[PDB]
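Okay, here we've got a single chain as structure tokens, the form deposited in one PDB entry, with questions on binding and movement later.
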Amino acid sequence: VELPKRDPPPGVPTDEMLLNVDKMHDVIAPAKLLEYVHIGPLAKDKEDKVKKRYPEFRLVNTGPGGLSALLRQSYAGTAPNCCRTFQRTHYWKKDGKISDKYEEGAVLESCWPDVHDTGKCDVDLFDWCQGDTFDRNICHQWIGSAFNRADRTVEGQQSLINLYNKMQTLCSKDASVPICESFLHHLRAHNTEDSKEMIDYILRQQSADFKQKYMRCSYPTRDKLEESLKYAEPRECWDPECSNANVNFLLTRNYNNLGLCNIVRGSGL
């Protein structure tokens, strides 16, 4: 008996059906948590290839015909690869080497977006910014950003206080090392009673050799102090020791007195 046959209309694929995961390394890498990145139809044999390329993601079968998507679950970026730069958000691992650019057979590893807005880098950078590995740009920006730490929760705030105690202990031993001169400077720019108090504590803890070399404006000689009583203005306004001093090594009292010298219109000294 005859049958009324009819073929369906020709298929018209959408953008999703034409997606190829092997072309989307720059689409998948910036993906965030709770975000589905559709990658199109994926054959069964290419599932391990995709899952090993993106271990931080879960491969989800979203629709028929093998339609799949990737959902970021975590960030596996390590401190030495994420903390010593502010511009690299991810990197690729292949044959034991680390590269900024993608290559077939590599494994994606991504950094937390807030890795420098929290204290997740304080431990690694506390050691890296000492000694020969000191990078002036990265380390100054690290210390400076800690003062305006965007993580204002009780945890980001507490990690900030833990870092201050470590820097206070370290810089009390020697405040001349570059990371400590930067910490003293940023305390000065913060301009609070706590930061000023920590400055005086660190500088007063220094050795006699440090004070004789850098803090002669704070500790004048007998003849210098006795002569300064003959003038009405503060000693810091005329003392050559204070005009040649490193402002990061001045006690808070001396630093405040430097801005009380009555500058005549123009240059007043």
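In this text, rigid core is short for the largest set of C-alphas that superpose within 1.5 Å between two forms. Start at 1 with the first residue shown and count on from there.
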Mean temperature factor over C-alpha atoms, higher-scoring stretch between 165-173 and 149-157:
149-157
Test of understanding: from the entry's C-alpha B-factors, which stretch has the higher mean, 5-13 or 244-252?
5-13
Out of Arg235, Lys46, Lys213, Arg53, highest CA B-factor residue
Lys46
So among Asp114, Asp124, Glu103, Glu181, who wins on Cα B-factor in the entry?
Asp114
Lowest, middle or highest third: where is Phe57 by C-alpha B factor in its chain?
lowest
CA B-factor placement of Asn137, once the chain's modelled residues are sorted into thirds
lowest
Chain-relative C-alpha B factor for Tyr36 (record values, thirds): the middle
Third of the chain's Cα B-factor distribution that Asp95 belongs to, per the entry
middle
Cα B factor band for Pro30 (lowest, middle or highest third within the chain)
lowest
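We do not show the form deposited in another entry, though everything after this point is about it.
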Which is the one residue in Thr153, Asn165, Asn137, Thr133 whose C-alpha moves 2 Å or more between the shown form and the other one, relative to the superposed rigid core?
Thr153
Closer or farther: the CA pair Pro30/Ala150 in the other entry, versus this form, with a change of 3 Å or more?
farther
Once you compare with this form, do the C-alpha atoms of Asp26 and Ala150 lie closer or farther in the other entry, given a change of 3 Å or more?
farther
